[PDB]
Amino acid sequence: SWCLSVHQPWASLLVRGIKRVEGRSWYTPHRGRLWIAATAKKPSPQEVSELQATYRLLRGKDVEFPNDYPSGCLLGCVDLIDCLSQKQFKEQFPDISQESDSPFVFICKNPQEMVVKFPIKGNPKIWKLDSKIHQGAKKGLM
């Protein structure tokens, strides 16, 4: 029932599993499922292509990117299995630690996409989904 808002294109990269970590300045004790919502900020087409070029390099030439990066909507979820400090991040994930220099790094597993994405208005940090949109989001994960 808990959500984090992320700017696109990184938000959809999170729910596809291409982006494996999110960095923030603040810690959370939250573990488990964490819905991912796209903020209202639309990314430029330059921003999308440049960033996709980077993740092709990091992940593989033929990595499959979403056709679209929608704003202001509930995208899917991850399981937040740990919230590591930069120092903990460098010692536990040496092969990906360059992918976030943030003070706190959210380690994500099991990315899931909803095929139908629902409009939503977010809040800072980890915020609670309303029950109506939570129930549809769960049904959207079938």
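The term rigid core refers to the most C-alpha atoms you can superpose between the two forms while keeping them within 1.5 Å. Residues carry their position along the shown sequence, with the first being 1.
Annotation: of the segments 51 to 59 and 81 to 89, 51 to 59 departs further from this form in 7 other deposited structures of this protein (C-alpha atoms, root mean square over structures and residues, core superposition). Per-stretch RMS Cα distance to the displayed form in 7 other deposited structures of this protein, following rigid core alignment, is highest for 60 to 68 when 30 to 38 and 60 to 68 are compared. For the pair 49 to 57 and 26 to 34, the mean Cα B-factor is higher in 49 to 57. Averaged over Cα atoms, the B-factor as recorded in the entry is higher for 38 to 46 than for the other of 74 to 82 and 38 to 46. Ranked within its chain, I133 lands in the highest third, by CA B factor from the PDB record. Among the modelled residues of its chain, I107 has a C-alpha B-factor that falls in the lowest third according to the deposited record.
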